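**Q** Encoded as C-alpha cells, here's the structure I'll be asking about.
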Amino acid sequence: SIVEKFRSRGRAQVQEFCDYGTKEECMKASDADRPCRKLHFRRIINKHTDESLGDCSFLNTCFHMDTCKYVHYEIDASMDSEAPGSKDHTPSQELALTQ
Ligand SMILES: [Zn+2]
Ligand SMILES: [Zn+2]
C-alpha cells in the first residue's frame, strides 16, 4: 500500500490524480475491489431490474417515494458549493411527517 504514503504527506501535486490516472480503466476500479485508493465517488447500484416496476426516474423527481424499487443510481461526495437560500428545498421545519 505505497499509494497510502502519497495520501499521508498530502502533497498538492498528488491531488492531480488518484493512484494511476486512467479515464475509463480507473472508473471500472472506482467502485470495485480493484487497487486505486478506493476513495473515488461511492455510488449505489442494483442489478438491471425490469423498469416496468414503478419508474421513479430519479433523473429529476422521484414522484412517489413508496416505490424506489431496484432502479436508482446516486453518488455520495462532499457537499458542493450549494446554492444560497436553497429555495429548491421543500419546507419541512416540522419534525413529525405531515399527513
Ligand atoms: Zn483512481
Ligand atoms: Zn425512487
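Each chain of the C-alpha cells is named A, B, ... in the order shown, its residues numbered from 1; ligands are numbered from 1 in display order.
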Do you have, as a tab-separated table, the list of residues of chain A lying at most 7 Å from ligand 1, each with its nearest atom pair and that distance in Å to one decimal, counting only C-alpha atoms and all ligand atoms and ordered by chain then number?

**A**
residue	atom	partner	partner_atom_place_in_ligand_line	distance
A:18	CA	ligand 1	1 (Zn)	4.5
A:19	CA	ligand 1	1 (Zn)	5.5
A:20	CA	ligand 1	1 (Zn)	6.4
A:21	CA	ligand 1	1 (Zn)	6.0
A:26	CA	ligand 1	1 (Zn)	4.9
A:27	CA	ligand 1	1 (Zn)	6.8
A:29	CA	ligand 1	1 (Zn)	6.7
A:30	CA	ligand 1	1 (Zn)	5.8
A:36	CA	ligand 1	1 (Zn)	4.8
A:37	CA	ligand 1	1 (Zn)	6.2
A:40	CA	ligand 1	1 (Zn)	6.4

**Q** Generate a file of the selected residues that holds N, CA, C and O atoms, formatted as a short mmCIF file (atom, residue, chain, number, x, y, z; two decimals), in the first residue's frame.

**A**
data_model
loop_
_atom_site.label_atom_id
_atom_site.label_comp_id
_atom_site.auth_asym_id
_atom_site.auth_seq_id
_atom_site.Cartn_x
_atom_site.Cartn_y
_atom_site.Cartn_z
N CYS A 18 -5.33 10.05 -8.98
CA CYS A 18 -5.52 9.07 -7.87
C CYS A 18 -4.27 8.21 -7.78
O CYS A 18 -3.20 8.70 -7.52
N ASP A 19 -4.37 6.92 -7.99
CA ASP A 19 -3.16 6.08 -7.95
C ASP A 19 -2.48 6.15 -9.30
O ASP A 19 -1.33 6.55 -9.42
N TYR A 20 -3.17 5.76 -10.35
CA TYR A 20 -2.59 5.81 -11.72
C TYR A 20 -3.10 7.07 -12.42
O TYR A 20 -2.37 8.04 -12.60
N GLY A 21 -4.33 7.07 -12.82
CA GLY A 21 -4.90 8.25 -13.50
C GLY A 21 -5.43 7.82 -14.86
O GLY A 21 -5.05 8.32 -15.89
N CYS A 26 -9.66 3.31 -14.73
CA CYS A 26 -9.78 3.55 -13.26
C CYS A 26 -11.27 3.57 -12.89
O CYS A 26 -11.67 3.08 -11.86
N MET A 27 -12.08 4.14 -13.74
CA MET A 27 -13.55 4.19 -13.44
C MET A 27 -14.00 2.78 -13.01
O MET A 27 -14.52 2.58 -11.93
N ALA A 29 -12.55 0.60 -11.74
CA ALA A 29 -11.94 0.36 -10.40
C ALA A 29 -12.49 1.35 -9.35
O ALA A 29 -12.34 1.15 -8.16
N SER A 30 -13.12 2.42 -9.78
CA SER A 30 -13.68 3.44 -8.82
C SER A 30 -14.52 2.75 -7.74
O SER A 30 -14.35 2.97 -6.56
N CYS A 36 -6.24 1.09 -6.77
CA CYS A 36 -6.66 2.51 -6.56
C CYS A 36 -6.86 2.80 -5.07
O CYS A 36 -6.71 1.95 -4.22
N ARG A 37 -7.19 4.04 -4.74
CA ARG A 37 -7.39 4.41 -3.35
C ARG A 37 -8.79 4.06 -2.89
O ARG A 37 -9.14 4.32 -1.74
N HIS A 40 -12.65 6.91 -4.49
CA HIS A 40 -13.43 7.61 -5.59
C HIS A 40 -14.93 7.57 -5.28
O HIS A 40 -15.35 6.78 -4.46
#

**Q** Please report, as JSON, numbers by chain, each residue of chain A to which DSSP assigns helix (DSSP H, G or I) when run on this structure's backbone.

**A** {"A": [3, 4, 5, 6, 7, 8, 9, 12, 13, 14, 15, 16, 24, 25, 26, 27, 28, 29, 30]}

**Q** Can those selected residues be exported to a file as a compact mmCIF listing (two decimals), in the first residue's frame so that it contains N, CA, C and O atoms?

**A**
# COMPACT_ATOMS: atom_id res chain seq x y z
N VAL A 3 0.67 3.70 -2.24
CA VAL A 3 -0.24 4.82 -2.61
C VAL A 3 -0.73 5.51 -1.33
O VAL A 3 -1.09 6.67 -1.33
N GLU A 4 -0.72 4.82 -0.22
CA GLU A 4 -1.16 5.44 1.05
C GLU A 4 -0.07 6.42 1.50
O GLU A 4 -0.35 7.42 2.11
N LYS A 5 1.17 6.14 1.18
CA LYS A 5 2.26 7.07 1.57
C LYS A 5 2.02 8.41 0.89
O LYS A 5 2.30 9.46 1.43
N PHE A 6 1.48 8.38 -0.30
CA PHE A 6 1.21 9.66 -1.02
C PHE A 6 0.03 10.37 -0.36
O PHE A 6 -0.02 11.58 -0.31
N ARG A 7 -0.92 9.64 0.18
CA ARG A 7 -2.06 10.34 0.84
C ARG A 7 -1.59 10.84 2.20
O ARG A 7 -2.22 11.67 2.81
N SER A 8 -0.52 10.30 2.70
CA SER A 8 -0.03 10.70 4.05
C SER A 8 0.73 12.04 4.00
O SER A 8 0.58 12.85 4.89
N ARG A 9 1.54 12.30 3.01
CA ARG A 9 2.27 13.61 3.01
C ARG A 9 1.31 14.74 2.60
O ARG A 9 1.49 15.88 2.96
N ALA A 12 0.33 18.66 -2.59
CA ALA A 12 -0.74 19.16 -3.51
C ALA A 12 -0.57 18.53 -4.90
O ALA A 12 -1.53 18.22 -5.57
N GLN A 13 0.67 18.34 -5.32
CA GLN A 13 0.96 17.72 -6.66
C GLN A 13 0.30 16.34 -6.79
O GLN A 13 0.12 15.82 -7.87
N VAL A 14 -0.06 15.73 -5.68
CA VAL A 14 -0.69 14.39 -5.75
C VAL A 14 -2.20 14.55 -5.98
O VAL A 14 -2.85 13.64 -6.45
N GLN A 15 -2.75 15.70 -5.66
CA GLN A 15 -4.23 15.92 -5.87
C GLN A 15 -4.52 16.09 -7.36
O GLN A 15 -5.59 16.51 -7.75
N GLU A 16 -3.57 15.75 -8.22
CA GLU A 16 -3.80 15.90 -9.69
C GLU A 16 -4.26 14.55 -10.26
O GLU A 16 -4.60 14.45 -11.42
N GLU A 24 -11.25 5.59 -18.40
CA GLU A 24 -12.25 4.50 -18.29
C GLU A 24 -11.72 3.33 -17.44
O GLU A 24 -12.47 2.66 -16.77
N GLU A 25 -10.43 3.07 -17.48
CA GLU A 25 -9.90 1.91 -16.70
C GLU A 25 -10.05 2.16 -15.20
O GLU A 25 -10.50 1.30 -14.47
N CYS A 26 -9.66 3.31 -14.73
CA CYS A 26 -9.78 3.55 -13.26
C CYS A 26 -11.27 3.57 -12.89
O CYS A 26 -11.67 3.08 -11.86
N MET A 27 -12.08 4.14 -13.74
CA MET A 27 -13.55 4.19 -13.44
C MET A 27 -14.00 2.78 -13.01
O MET A 27 -14.52 2.58 -11.93
N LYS A 28 -13.79 1.81 -13.86
CA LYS A 28 -14.17 0.40 -13.51
C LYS A 28 -13.68 0.07 -12.09
O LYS A 28 -14.30 -0.66 -11.34
N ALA A 29 -12.55 0.60 -11.74
CA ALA A 29 -11.94 0.36 -10.40
C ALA A 29 -12.49 1.35 -9.35
O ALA A 29 -12.34 1.15 -8.16
N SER A 30 -13.12 2.42 -9.78
CA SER A 30 -13.68 3.44 -8.82
C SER A 30 -14.52 2.75 -7.74
O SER A 30 -14.35 2.97 -6.56

**Q** With only C-alpha atoms as the counted atoms, please give the residues lying no more than 12 Å from residue 48 in chain A, apart from itself and same-chain residues fewer than 4 positions off, as a ChimeraX atom specification.

**A** /A:52-53,69-73

**Q** List all protein, DNA and RNA residues that have any atom at most 10 Å from ligand 2, counting only C-alpha atoms and all ligand atoms, and write the list as a ChimeraX atom specification.

**A** /A:54-59,61-73

**Q** Hey, what does DSSP flag as strand (DSSP E or B) within chain A? Can you give it to me as a ChimeraX atom specification?

**A** /A:42-44,74-76

**Q** Out of A:34, A:75, A:60, A:42, which residue has the shortest atom-to-atom distance to residue 88 in chain A when counting only C-alpha atoms?

**A**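 Among A:34, A:75, A:60, A:42, it is A:60 that comes nearest to residue 88 in chain A.
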
**Q** By how many Å are CA of residue 32 in chain A and CA of residue 81 in chain A apart?

**A**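 A separation of 28.3 Å between them.
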
**Q** Of the candidates A:99, A:94, A:83, A:77, which shows the shortest atom-to-atom distance to residue 39 in chain A, using only C-alpha atoms?

**A**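 Looking only at the distances to residue 39 in chain A, the closest residue turns out to be A:77.
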